[PDB]
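For reference, the chain that follows is the form deposited without its partner chain, supplied as structure tokens.
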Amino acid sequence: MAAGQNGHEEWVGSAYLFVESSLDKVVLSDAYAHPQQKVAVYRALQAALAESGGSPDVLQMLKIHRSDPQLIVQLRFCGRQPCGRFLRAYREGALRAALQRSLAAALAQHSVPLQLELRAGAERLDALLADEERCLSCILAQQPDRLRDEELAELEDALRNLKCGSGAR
């Protein structure tokens, strides 16, 4: 156990994710326009991150951005441990999306190909799979902005109290 001066170790930034079903007959982005849908999607996306290593205590969504025929979601980071799981789990999530397309016909969908892309700077999703250290430089290069997300922060904080996982029994 060594120690002396107070280390700062500050690692936090914002990342943009694009989610689309690759379908031009359904306008999914418009559906997220409604506020109730954004909040409902808010909990759905939060649970999905836990599977990839994005717990609501370390990784949270700052806000949902809607632009063009795609959905943009802002993510926040703080712990390095859950950060490595976030990018490593991202590759696995993309593979899972391919399964949904084959399962679409099997269940009741002609085809629902969904995919996630990362845009943190000049490197895209294919530019982050090769080097993992670079993704941190891009995500950390851009500072977050809570000036316009003050209302969202209260909404996610209220959501935390409603959810009670890890029961004592």
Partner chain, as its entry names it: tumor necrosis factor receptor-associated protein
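Numbering follows the first chain given and starts at 1.
Although it is not shown, the form deposited with its partner chain bound is what the next lines describe.
Although the partner is absent here, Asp149 is a contact residue: one of its heavy atoms lies within 4.5 angstroms of its partner chain in the bound PDB entry. Looking at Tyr16, you'd find a heavy atom of it within 4.5 angstroms of its partner chain in the bound PDB entry. The closest heavy atom approach of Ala122 to its partner chain in the bound PDB entry falls within 4.5 Å. Within 4.5 Å of any heavy atom of its partner chain in the bound PDB entry lies no heavy atom of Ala94. Here the chain stands alone, but in the bound PDB entry its contact with its partner chain, taken as any heavy atom within 4.5 Å, falls in 59-67 among 108-116, 38-46, 130-138, 59-67. Shown without its partner, the chain has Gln143, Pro144, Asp145, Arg146, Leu147 in segment 133-147 as residues with a non-hydrogen atom within 4.5 angstroms of its partner chain in the bound PDB entry.
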